[PDB]
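Protein chains in written order, with the deposited numbering: chain L, 1 to 212; chain H, 1 to 35, 35A to 35B, 36 to 82, 82A to 82C, 83 to 100, 101A, 100B to 100H, 101 to 127, 136 to 214; chain C, 27 to 97, 153 to 323, 332 to 514; chain A, 27 to 97, 153 to 324, 331 to 515; chain B, 27 to 97, 153 to 323, 332 to 518.
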Ligand SMILES: *[C@@H]1O[C@H](CO)[C@@H](O)[C@H](O)[C@H]1NC(C)=O
Ligand SMILES: *[C@@H]1O[C@H](CO)[C@@H](O)[C@H](O)[C@H]1NC(C)=O
Ligand SMILES: *[C@@H]1O[C@H](CO)[C@@H](O)[C@H](O)[C@H]1NC(C)=O
């Protein structure tokens, strides 16, 4: 089978930068090469077909190049909505193959997370489990550290977090740490604190509430 | 408009057989040049081509996955059907159907997928289907509120706000597989604090694998 | 612009990036040309046997006929010796005047003889020369002012009344563009053709129509292009082995109205830069599916025209931007560069070479030249032709001075007689 | 005479009603041509550096060389003063004769100088002009009387000793006819060729054979037709599809009846056509049974396997025939026949149609435009004016002159008369 | 050298014994040629409206422009009687001198008028003729000294800037050989081309490249032969019957490095003697097994290219050393000879005939000529051209003799006066 090799795998660039992605085939495939753009949660979308033909609808800042083995996807000026994973695909031989993928994020100015904390609802507490939620909203870069202090005690193995994909407009991230613990242990403690460390914060910001 | 939609199970038990149905419009497989292909994509991983069927009932399959694949067309119903036997958890992926036309000019015949279906997520697990529990994340100069979609299987869940009226400042997080083996996510939204007593906020949860619709007031 | 992709899978190169112009019609214009005739001025020249003007017309009238068929006593005594003395004196003076008269008579007759030379001997010759020079000039002016007419009569004579391409004698550049601006075509085609007048001429005909002594008429037959600016490409093929197979559908291909037009005769397509001009007359119409034959021979969508062989085979095909090499069996192949340094040795298989890096390729003992070999420059020197005209000048002033001097002497002669008469009466 | 049937069944047109002439042999004649040479006349011309006669032969001899390499006391006292007066008188009369003599002397020398101008200055130049005019005339006369020889050497020079067609310089019409009436063929063939001399010249060759300075020789090679007056026809084909598969007959070209079988000429260059007459060359022709003609009405004809080219996809084009045009409009492609007076007059649906050049002027398959008829265009005209030769002769006032010379001699006659008078009064 | 085998088994003839020369490259040389220019001499000729030198240059510049755009009281009384008579004598002598004076005046004026004729009337015409002859000579010498340039511009004009073959005006023999000994080829090839200059010229091109008023430049493109001296052969075929078959692979065949090259267009090969010159551009490469097609059509080692027919068929093919005949069905064929007429009648099958014994072959009503028919000789006679120059001579010597006599008479006229004066300054007994 024909193997496709994209480079790089990961890529960071500011808005306006000229981004240049490379694809390489295990054998010469003429101009039988396609470029796709896949934004988070959505299906892939055609960008460039036949190595260099631009699909109608796609903005002109996208351009394909190459023939034979080495091909090139290009964005003349990267933009907030160009955040996606870009795939190259060959249409030469029978089992059609895609490349490993090239994720392209966007580098912007450091923005501090707005932190919120949420006590568990009375409704959830009835069923014998309490969930404590901490919201880090609209920040950059992605790297942030969240710690849970239940009555000034660091927790472990009882929280899970997930981060949103980069925004298509302000290019920020958002994160939610969820502290799961039983109704028994939840009401044996008074002070619930979410402590946030980030580059945008001079000192760590701690949001907290008291049960009742 | 050229549109594609994939139907099928959201959850398949191991060793059982998966059957997906691609319903299309805006074109016909009665027309020459028109082809329909199947592309799947394991969570967080690369695309994978599976099968293709043409106007003249030509059929192509992924070589390593050939024995387990079967594609067929019914042009009188505008439907392409894919069949994958002996499903494994390692076959859990998002399954897309896509139209493929060929680049005709200049001595070329380069097939390309110009139109894609939204994609349906097929999960493979011996675990059973469970509907979600929805709890409100109560707010406290702009504050944040949301609702908690806890303990559901399998993926996916879709959250909206005020039946799609509220879009700006809404964040829905990717589901997290809890230690209990069930999924869980939260959907939050930032709103002006002055409107906390004048505006109503309701999160609409939809877990289609369990036919569960839930609406939740947050105060 | 123009590039070349090589498909190893079917051993073949395609030359992409051309723009078409497919002839589907003829434009015919009727050109006419009058003769600048010569009226032969009859007069005696230098040689009576030499009638150039006539012999020139006869030559022409013949050519026109040939084409037409293709369709105190002491004092007294003293005073006596005085009279006798002056008598003898006057007798010699008389003798003198008779000499001068005879002198002047001989001179007078010689002045007459000089004039009669000029009038009877010299003058007629200078007129006979004026006639021959006139005759000559006329002939040369015939050959100059009918240059174009004469070139055309040679062309039709040589080619039996039908020529191609259309020469610059048959149809000048300004006339051709004129005709182009009159064809029932778009401004884009008018622009195209006006820019490729050479090709247009090479696809045109000139058909003798009517030929008379004083006027010539002939149809010019120009090409009309039914479509232009559609992608063309030229396909080359070489053998492919493991049995052997070779694609036999070499030649030019153009996208024509939703289908592919295929021109299998090489002579039917003209090429200038990125521009191709093909002739639909004997062309094959194919579906767009033929193009998979470029990637797969056993393509399920079109049965590819191939030619097999149960035995190994080796050759080289020279493409537009390089060369395909099929080196199979025990044959040894090699690519060298424009300096003849060996840069590559080929093993069993089908390879491709660019004319940028390779200059020659060597299949077995047979040598292929991937590029034109630049050679020795030659130079033919010329020198200015000079015409030496040295005019004939006469000493008018000096002469007139002598004649005025003669008249002064005559005047003084008359004065002296007026004196002599004065002393007598 | 010439018509055209269209078979929808196999999408194809045939052009019936032609008459054949198949070349199967060569007739060779050896033509020879002598040179009207120029003998260079040695004499002093106008310019000593200008040897036209020589420079013209050299030019020629060279061209020939290049080709060669391709192979009473009171009374007394008064009477005293009388004698004295007449003495003085005679002294002036003497001076007079001396003045006139000097006059005549100068005039004489100027008459000598005048003649010597004519003889030493003028006359030699007028002879040098006669030499140059003679030289020029000869050169031009060389170029005229060797017109054919000179055209032929150019032809052989241009084409490296082998030309086609046979020009009117290489072989004149009466010579061609002469050769025709000597060929080993029937009277009908001789008549045919005599009527199509143009085509005959275009199927002929001229091969340089022997070239020396004073004579040129070359074989002319004319075609011989083994048969004539047999039915020919030209086959056109266009694609044919269903309404799916497509087929196209691949045996386009001319067809002639040859000795009970059909001769097939698939290369267009091999057949010449003039009116209802066709002239083909059997050299690279295919022999087919008469059953091939059944392929025009039936493709799956069991008596001869028809040569076709298939396609698994709809396809559309137009082929322009002799009396019209075939149109193959299949699929979603739009075809239309138009007219120069009514624009679009017909839209073709899926299938194979035929159009006559009588009513339709153009046909349009998709975006490609086919011209069913030649588009007649702008007439051009190159005007000419008469060339004139101005010869104004030189005339001398002979009579007027002679009248004055006669007056001069008359004055001389009276001069001798007046002296005869004077001598007679002295004693003779 | 050249022979020909006939294979009845496959109804086809092969022409053995040729030697190859396959073009696989191009050699390009840039020829440049200067104009022998003519400077127009400004002076009045015979006709003022006739500017030959100018009209000739214009013609040339025009051709050049067109190409550019493709890119005792008794004693006393007696002694009076005497005095009166000698008075009268002298009066008549005076009248005599006045008569002569007038004569000489008229004569003098008529000499003046003769000169003014020669100077004002005759001389200018003789100069105008000198000028026209100079003009003419120049033009003719323009056409002679640019013969080659002028032929080349005609060629490019006729053929729109690309001619073939390469004429002897475009490239002379000594130049062609010059170019040949500079080509990147072996001495055998240099030698080969040097011997077949004709063929080489016919496989060559001449491509106009730069054209200015005073100089012309054009690339000549000569062929390069990648291989030479390999066995060639030309294959002929005719129909074969019992259903029918005909081999469709007619044409030339040359051994190309371990394989056979096949040239299916007749146009691509030139032949001179035993020598063949082909062009690889549109050639097919075949295995050496195709030669087994000459003996067996159903040869299991290479599938032969054939054309079938379900019906009886008959024709004739004329080969190089003879002619094949296919006489099947109810058709009657016969080979004849220009001396004995019909010498053989063919029955059903495939025969072959040699051009040595047969002169024509006759299938049905159609007549094939196995040999060129020799025809009527033609002859165009010429006459020597003669130039008649009859010079103009003046009786110089005789003239001078008459002028010397006139000087003798004046000379002696001054003597008689000098004498007469001498009789006046003296007197005595
Ligand atoms: C001679 O006499 C005429 C008339 O008297 C006079 O006009 C002229 O000047 C004189 N001299 C010459 C040289 O003629
Ligand atoms: C002059 O005298 C001569 C000799 O007598 C005579 O020949 C001539 O006729 C006379 N008249 C003229 C005008 O010369
Ligand atoms: C005339 O006398 C001169 C010298 O006074 C002499 O030089 C000359 O030779 C003589 N001419 C003729 C023609 O007798």
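Note that the Cβ used here is the ideal one computed from N, Cα and C, for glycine as well.
Original post:
How would you call residue 210 of chain A, buried or exposed, if buried means at least 16 neighbouring beta carbons within 10 angstroms?
Top reply: With 16 or more Cβ atoms within 10 Å of its Cβ, residue 210 of chain A is classed as buried.
Original post:
Whose C-beta lies closer than 7 Å to the C-beta of residue 187 of chain H among residues of the same chain, with five residues either side of it excluded?
Top reply: 137
**OP:** Would you list, in sequence order, the uninterrupted alpha helix (DSSP H) runs of no fewer than 4 residues that lie entirely inside the segment 206-246 of chain B?
**Re:** 228-240
Original post:
Pick from B:338, B:369, B:356: whose alpha carbon is nearest that of residue 381 of chain B?
Top reply: B:338
Original post:
Alpha carbon to alpha carbon, what distance is there between residue 237 of chain C and residue 262 of chain C?
Top reply: 27 Å
Original post:
Quick one, are the C-beta atoms of residue 386 of chain B and residue 252 of chain B less than 8 Å apart?
Top reply: no
Subject >> the segment 469-487 of chain A contacting the segment 194-205 of chain C, beta-carbon criterion three pairs below 8 Å >> reply: Contact holds: three or more Cβ-Cβ distances are below 8 Å.
**OP:** Let me know if residue 317 of chain A comes out buried or exposed under the rule of 16 or more other beta-carbons within 10 Å of its beta-carbon.
**Re:** buried
**OP:** Provide the residue span of the alpha helix (DSSP H) that contains residue 18 of chain L, from first to last.
**Re:** Residue 18 of chain L: not part of any alpha helix (DSSP H); DSSP gives it neither H nor E.
**OP:** Give a yes or no on whether the C-beta atoms belonging to residue 122 of chain H and residue 160 of chain L are separated by under 8 Å.
**Re:** no
Original post:
Beta-carbon separation of residue 303 of chain B and residue 285 of chain B under 8 Å?
Top reply: yes
**OP:** Would you check whether ligand 2 has a heavy atom nearer than 7 Å to the C-beta of residue 213 of chain C?
**Re:** no
Original post:
Closer than 8 Å, CB to CB, is residue 32 of chain H near chain A or not?
Top reply: Cβ-Cβ to chain A under 8 Å: yes for residue 32 of chain H.
**OP:** Please classify residue 448 of chain A: does DSSP put it in a helix, a strand, or coil?
**Re:** DSSP, reduced to helix, strand and coil, places residue 448 of chain A outside both helices and strands of the structure shown, so it counts as coil.
Subject >> Environment of ligand 1 in chain order, Cβ to heavy atom below 7 Å >> reply: C:493, C:496, C:497, C:500
**OP:** Would you please verify whether the beta carbon of residue 49 of chain L is less than 8 Å from any beta carbon of chain C?
**Re:** No, residue 49 of chain L lies away from the interface with chain C (no Cβ there is under 8 Å from its Cβ).
Original post:
Near residue 393 of chain C, which residues of its chain fall below 6 Å by C-beta distance, leaving aside the five closest residues on each side in sequence?
Top reply: Closer than 6 Å at Cβ, skipping near neighbours: 382, 386.
**OP:** Would you identify the three-state DSSP class for residue 382 of chain C, choosing helix, strand or coil?
**Re:** helix
Original post:
Among C:154, C:85, C:489, which has the Cα closest to the Cα of residue 93 of chain C?
Top reply: The shortest Cα separation from residue 93 of chain C among C:154, C:85, C:489 belongs to C:85.
Original post:
Of all the options A:177, A:191, A:196, which has the alpha carbon lying nearest to the alpha carbon of residue 490 of chain C?
Top reply: A:191
Original post:
Looking only at its own chain, which residues have a Cβ that is under 6 Å from the Cβ of residue 441 of chain B, when we skip the five neighbours before and after it?
Top reply: 32, 413
**OP:** Determine which residues of the segment 207-220 of chain B have a Cβ less than 8 Å from any Cβ of chain C, and write them out in chain order.
**Re:** 207, 208, 210, 211, 212, 213, 214, 215, 216, 217, 218, 219, 220
Subject >> Neighbour list for residue 283 of chain A in chain C, Cβ cutoff strictly below 7 Å >> reply: 241
Original post:
Considering only C-alpha positions, which residue in the set C:444, C:471, C:35 is nearest to residue 322 of chain C?
Top reply: C:35
Original post:
Taking Cβ positions, are residue 132 of chain L and residue 118 of chain L nearer each other than 8 Å?
Top reply: yes
Subject >> Selection from H:100E, H:35, H:191, H:213 that minimises the alpha carbon distance to residue 199 of chain H >> reply: H:213
Original post:
Rounded to a whole number of angstroms, what is the C-alpha to C-alpha distance between residue 447 of chain C and residue 70 of chain L?
Top reply: 21 Å
Original post:
Between residue 269 of chain B and chain C, is there a C-beta pair that is closer than 8 Å?
Top reply: Output row for residue 269 of chain B: interface = no.
**OP:** For residue 274 of chain B, collect the residues of the same chain with a Cβ closer than 6 Å to its Cβ; drop the 5 residues on either side in sequence, then sort them by chain order.
**Re:** 261, 281
Subject >> Minimum C-alpha distance to residue 220 of chain C - residue among C:314, C:77, C:426, C:240 >> reply: Just measuring C-alpha positions, the residue of C:314, C:77, C:426, C:240 sitting nearest residue 220 of chain C is C:77.
Original post:
Is residue 448 of chain B close to chain C, meaning its C-beta is less than 8 Å from at least one C-beta of that chain?
Top reply: Nearest CB-CB separation between residue 448 of chain B and chain C: not below the 8 Å threshold.
Subject >> C-alpha gap between residue 464 of chain C and residue 265 of chain B, whole angstroms >> reply: So the two alpha carbons sit approximately 9 Å from each other.
Original post:
Ends of the beta strand (DSSP E) at residue 18 of chain H?
Top reply: 18-25
**OP:** For residue 230 of chain B, return the contacting residues in chain A, with the cut-off set at a CB-CB distance below 7 Å.
**Re:** Here the premise fails: no neighbours, minimum Cβ distance about 13 Å.
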